[PDB]
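Enquirer: Can you look at this? It's an experimental structure, sequence on top.
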Number of protein chains: 2
Amino acid sequence: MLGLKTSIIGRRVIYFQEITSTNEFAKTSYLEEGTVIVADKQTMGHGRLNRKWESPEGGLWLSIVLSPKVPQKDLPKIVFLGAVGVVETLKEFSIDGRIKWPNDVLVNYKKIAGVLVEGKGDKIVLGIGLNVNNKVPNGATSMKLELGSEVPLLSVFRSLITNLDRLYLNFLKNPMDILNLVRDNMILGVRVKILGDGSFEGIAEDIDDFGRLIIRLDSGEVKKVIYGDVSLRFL
Amino acid sequence: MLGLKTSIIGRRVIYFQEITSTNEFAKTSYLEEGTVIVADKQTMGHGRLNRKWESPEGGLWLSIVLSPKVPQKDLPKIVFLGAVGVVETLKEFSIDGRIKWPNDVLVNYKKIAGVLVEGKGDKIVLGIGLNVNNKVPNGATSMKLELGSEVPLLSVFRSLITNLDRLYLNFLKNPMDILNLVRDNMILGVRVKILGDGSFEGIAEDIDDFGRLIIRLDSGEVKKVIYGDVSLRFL
Ligand SMILES: Nc1ncnc2c1ncn2[C@@H]1O[C@H](COP(=O)(O)OP(=O)(O)O)[C@@H](O)[C@H]1O
Ligand SMILES: Nc1ncnc2c1ncn2[C@@H]1O[C@H](COP(=O)(O)OP(=O)(O)O)[C@@H](O)[C@H]1O
């Protein structure tokens, strides 16, 4: 009855009035590629660094089952597909979403969306949490707060699914293309602090051909940050 | 993201761009009570009497998984819940639908919807096919043909699910109530013919406490027609 016209993402959609976590349901259940898990609210969601995520009613909480069979070298770039899809949808609604490496989307430096990618073997689950009309944690923001009015949740869903499907199909054939889109929509040229095994600061210059964040420390040293247990803070 | 507020029916919804049959999927898959299976199109759908059911894009093709904890005697009345729910939704859109015993809904004697109820294990699958914006077989009709304009498919879905949830919750407590709703919305007082073995004609007088169609033959004989592989024709 939704009349989706996508090729892979959205072939099937499982909607829940309530769920613990769309990513957990997607990871655990036997689902076909392209199946989307979406819920009005999540009671136990979390972000990329396993830190609690608030998912009250009004937001877009979904996960997508993917089985990308691309070279092991390009597989890690899957993490950016969700962030770019969100940016494109936000632009369609005239909201200036910008990517905070590696998976977050901010608007005026306030988080409006988070991306959580989890993979086990062939199966990759792409989770996205986008604040639309819901209340958000202090410091974060939403589409409603940015536009000054409520936005039809279903319209955002249709827009995002369409963008993601296009991005995904092109990624399977041309895995490098996504990096250019990330580069054009990422927050760069500013000082940042990289938090992992210790910490270091420098200018976030760009992302390389592997999606690594390139940081220039004041000494001139160049470090390349890989996707993982690392947090980025703007100074 | 659909924001359904129903209690049981619609707690979960599985949407398909394309499916063979919503009833078959609901029958062969483990699904919690209230799960709704819906598809843009069915490639192998059929009606109560096993005849192919045209399910092209534009219509509302769904199945609902139910496990009514009511006396065995009442279980057979589920089909009526579907027909009454459709009639209530049609009225909301200013369409006067009437029930053709036991599972069809007609508008000016043209079939606009069919109900197919099947049981597997201890669960019941309530299937409903409602013509909305899709092309229909000769002699049939749709909400679009009746209103002379495109009808928002999702609005019809929301309406129907809301009506069915209400009807079902009451059925669990007062299972006899549905019969009265059926009577008040069924085509009666007209001549009909029961086809097949032992075929006969008479006036469709009413339905009894078991939902059997009461027919008065010209001889004065009274026959009670049971739900099942029964074919009826208006004379
Ligand atoms: N709905 C929400 N919108 C924006 N930010 C949120 C929301 N819910 C939680 N957060 C923030 O996001 C964090 C979860 O994402 P995570 O990637 O693990 O955090 P981090 O920002 O430390 O990388 C929480 O610790 C919280 O500060
Ligand atoms: N989308 C549709 N809308 C209305 N009627 C339909 C549709 N698809 C099929 N039909 C009609 O319904 C019949 C099958 O329904 P079924 O309940 O099994 O038996 P019958 O209606 O003949 O008693 C088909 O033979 C056809 O005439």
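Expert: Arrived safely. Numbers count the residues shown, from 1 in each chain, chains lettered A, B, ... in the order given. Ligands and ions are numbered 1, 2, ... in the order given.
Enquirer: give me the number of residues near the residue in chain A that ligand 2 sits nearest to?
Expert: Proximity to ligand 2, evaluated over chain A using Cβ to the nearest ligand atom, is greatest for residue A:1 at 14.8 Å. For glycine as for every other residue, the C-beta is placed from the backbone atoms N, C-alpha and C. Residues lying near residue A:1 (other Cβ atoms under 10 Å in any protein chain shown) number 22.
Enquirer: thought it was touching residue B:38?
Expert: Yes. Contact criterion Cβ atoms under 8 Å: residue A:1 and residue B:38 qualify, at 5.1 Å.
Enquirer: what's the helix or strand for the most centrally placed residue in chain A?
Expert: Centroid check for chain A by Cα atoms, centre = their mean gives residue A:115 as the closest residue, at 2.9 Å. Element membership for residue A:115 (DSSP states H and E) is strand A:110-120.
Enquirer: Just the buried positions in that strand, please.
Expert: Buried residues in strand A:110-120, counting neighbours by 16 or more other Cβ atoms under 10 Å in any protein chain shown, are found at A:111, A:112, A:113, A:114, A:115, A:116, A:117, A:119.
Enquirer: ok, back up a step: need the overlap of contacts for residue A:1 and residue B:38.
Expert: Common contacts of residue A:1 and residue B:38 (Cβ atoms under 8 Å, 6 or more residues apart in numbering or on different chains): B:15, B:60, B:62, B:157.
Enquirer: Report the beta-bridge partner residues of the third one.
Expert: On DSSP bridges, the residues paired with residue B:62 through beta bridges are residue B:38, residue B:128.
Enquirer: Return the residues in contact with it.
Expert: A:1, B:22, B:36, B:37, B:38, B:39, B:127, B:128, B:157.
Enquirer: Now with 7 Å, please.
Expert: Contacts for residue B:62 were tallied using Cβ atoms under 7 Å, 6 or more residues apart in numbering or on different chains; they are B:22, B:36, B:37, B:38, B:128.
Enquirer: Neighbour count and distance to ligand 1 added to the residues you listed, as JSON lines?
Expert: Shown next, in JSON lines, are the contacts of residue B:62 (neighbours: other Cβ atoms under 10 Å in any protein chain shown; distance: Cβ to the nearest ligand atom, whole Å):
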{"residue": "B:22", "neighbour count": "26", "distance to ligand 1": "34"}
{"residue": "B:36", "neighbour count": "29", "distance to ligand 1": "28"}
{"residue": "B:37", "neighbour count": "26", "distance to ligand 1": "31"}
{"residue": "B:38", "neighbour count": "22", "distance to ligand 1": "29"}
{"residue": "B:128", "neighbour count": "28", "distance to ligand 1": "37"}
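Enquirer: nearest to residue B:153, of those residues?
Expert: In terms of Cβ to Cβ, no member of the contacts of residue B:62 lies closer to residue B:153 than residue B:38, at 10.0 Å.
Enquirer: wait, that closest one sits on residue B:13?
Expert: Yes. Counting by Cβ atoms under 7 Å, residue B:13 is a contact partner of residue B:38 at 6.4 Å.
Enquirer: Pull the contacting residues for the closest residue to ligand 1 within chain A.
Expert: Among the residues of chain A, residue A:47 lies nearest to ligand 1; the distance is 2.1 Å by Cβ to the nearest ligand atom. Residues near residue A:47 by Cβ under 7 Å, 6+ apart: A:53, A:114, A:116.
Enquirer: Next, it: phi, psi?
Expert: phi -90, psi -170 (degrees, to the nearest 10).
Enquirer: Same question for residue A:150.
Expert: The phi/psi pair for residue A:150 (degrees, to the nearest 10) is phi -70, psi 140.
Enquirer: so it makes contact with residue A:144?
Expert: Yes. Using Cβ under 7 Å, residue A:150 is in contact with residue A:144, at 5.4 Å.
Enquirer: hey, what's in contact with both of these two?
Expert: Common neighbours of residue A:150 and residue A:144 are listed as residue A:133 (criterion: Cβ under 7 Å, 6+ apart).
Enquirer: Look at these two and report which has more neighbours.
Expert: The neighbour comparison of residue A:150 against residue A:144 (other Cβ under 10 Å) goes to residue A:144, with 18 against 12.
Enquirer: Based on its surroundings, how many neighbours for residue A:222?
Expert: Using other Cβ under 10 Å, residue A:222 has 11 neighbouring residues.
Enquirer: Sorry, wrong one. I was asking about residue A:138.
Expert: For residue A:138, using other Cβ under 10 Å, the count is 5.
Enquirer: can you list the residues of chain A near ligand 1?
Expert: Contacts of chain A with ligand 1, taken as Cβ under 6 Å from any ligand atom, map to A:47-49, A:51-54, A:111, A:114, A:131, A:136-137, A:140, A:231.
Enquirer: May I ask which of those residues has the most neighbours?
Expert: Highest count within the residues of chain A next to ligand 1 by other Cβ under 10 Å belongs to residue A:131, 29 neighbours.
Enquirer: Ignoring the adjacent residues along the chain, who's closest to that one?
Expert: Of all residues not flanking residue A:131 in the chain, residue A:142 sits nearest, at 3.6 Å (Cβ to Cβ, 6 or more residues apart in numbering or on different chains).
Enquirer: Surely the one you found touches residue A:136?
Expert: Yes. Contact between residue A:142 and residue A:136 holds when scored by Cβ under 7 Å: they sit 5.3 Å apart.
Enquirer: which helices and strands sit right next to whichever strand or helix holds residue A:233?
Expert: Element membership for residue A:233 (DSSP H and E) is strand A:231-234. Packing partners of strand A:231-234 (3 or more Cβ pairs under 7 Å, 6 or more residues apart in numbering or on different chains; DSSP states H and E): strand A:191-196.
Enquirer: quick one: the residue nearest to residue A:19 when sequence neighbours are not counted from residue A:143, how far?
Expert: Spatial nearest neighbour of residue A:19, excluding adjacent residues (Cβ to Cβ, 6+ apart): residue A:39 at 4.1 Å. In this view, residue A:39 and residue A:143 are 18 Å apart by Cβ to Cβ, to the nearest Å.
Enquirer: Likewise for residue A:169?
Expert: Using Cβ to Cβ, one gets 26 Å for the distance from residue A:169 to residue A:143.
Enquirer: who's more crowded, the two?
Expert: Counted by other Cβ under 10 Å, residue A:169 and residue A:143 do not tie: residue A:143 has more neighbours, with 27 against 14.
Enquirer: wait, doesn't that one sit right on residue A:92?
Expert: No. Between residue A:143 and residue A:92 there is no contact under Cβ under 7 Å: 10.9 Å.
Enquirer: Now do the contacts for the residue nearest to residue A:19.
Expert: A:16, A:18, A:19, A:22, A:61.
Enquirer: Could you write me a ChimeraX select line covering just the buried ones among those?
Expert: To isolate the buried members of the contacts of residue A:39 in ChimeraX, using 16+ other Cβ under 10 Å:
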select /A:16,19,22,61
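Enquirer: Can you give me the distance of the residue nearest to residue A:64 when sequence neighbours are not counted to residue A:136?
Expert: Nearest residue to residue A:64 in three dimensions, chain neighbours excluded: residue A:126, at 4.6 Å (Cβ to Cβ, 6+ apart). Distance, residue A:126 to residue A:136, using Cβ to Cβ: 22 Å.
Enquirer: next one: residue A:110
Expert: Taking Cβ to Cβ, one finds residue A:110 at 9 Å from residue A:136.
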